[PDB]
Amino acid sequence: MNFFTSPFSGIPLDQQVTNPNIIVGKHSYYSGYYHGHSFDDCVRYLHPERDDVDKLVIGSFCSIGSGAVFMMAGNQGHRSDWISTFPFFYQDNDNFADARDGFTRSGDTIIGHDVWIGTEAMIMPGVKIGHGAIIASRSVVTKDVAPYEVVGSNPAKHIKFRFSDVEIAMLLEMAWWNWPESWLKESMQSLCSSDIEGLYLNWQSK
C-alpha cells in the first residue's frame, strides 16, 4: 500500500533508486510517506532504457521531502515556437504521418551536495542547484539556484543566502561532504552548529 512505514521514515536514495538514469550520492534520502511511492516516481518521464536523454544527478547529504517532483524529458515533444504545441509526431493517427519530432533536450538536472528540497517542490528540466541550497516547500524551480541560496514561490525567486559571502567561499573550499567516514564523526559537533569560521581552521590546519 505505502512504501514508507511511518510518516517520519527517511529511506536513502541509493536504497530505492532503480532507474539507471538516476545518479544519487549516499546518505541522501527521500521521506515520502504522504505520497505513498518510492523516489523513482518523483522523477517523471525519465526513460530507463535510453542513454541519449537528460539525466538526474543528486549529491550526498541531501534531504528530499514528500511529493517532490523532478521533471525530466525536456519539453515532452511540445514546441511552443511551432504553430501547434500538439505533439502529432507522438500521437498514433495515420493523418499525422509527416509530422516532425518536436522533442528537445534541456540538459541534465544537477542537484549538488547538502541541499534541502522542500515537500511538493517541482524541479523543471535542466535546472542546476548548487551546494547547500534550500528549495522551500511548493516551490516551482525554473532557474538555476546558487550555492547556499534559499528560494521559494512559483516561480521560485531569491529569498536569501544562508551565510555571508566569505563564509560560502569557506564551505565550498573544504567541501566537508567529500571527507572520509572516520573523519566525519570527529567534526560532527561543529557540523551541528553555526561556527563556520571555527571549523574552517580544523580543516585548514590539518
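For every residue, the number given is its place in the sequence shown, counted from 1.
- The mean Cα B-factor in the deposited entry runs higher for 180-188 than for the other of 180-188 and 18-26.
- Annotation for 79-87 versus 99-107: the higher mean temperature factor (C-alpha) is found in 99-107.
- Which of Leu56, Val145, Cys42, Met174 has the largest Cα B-factor in the deposited entry comes down to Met174.
- Highest CA B-factor among the listed residues (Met170, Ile159, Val140, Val69): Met170.
- Among all modelled residues in this chain, the alpha-carbon of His35 has a temperature factor (C-alpha) in the lowest third.
- Sorting the modelled residues of the chain by their CA temperature factor places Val151 in the lowest third.
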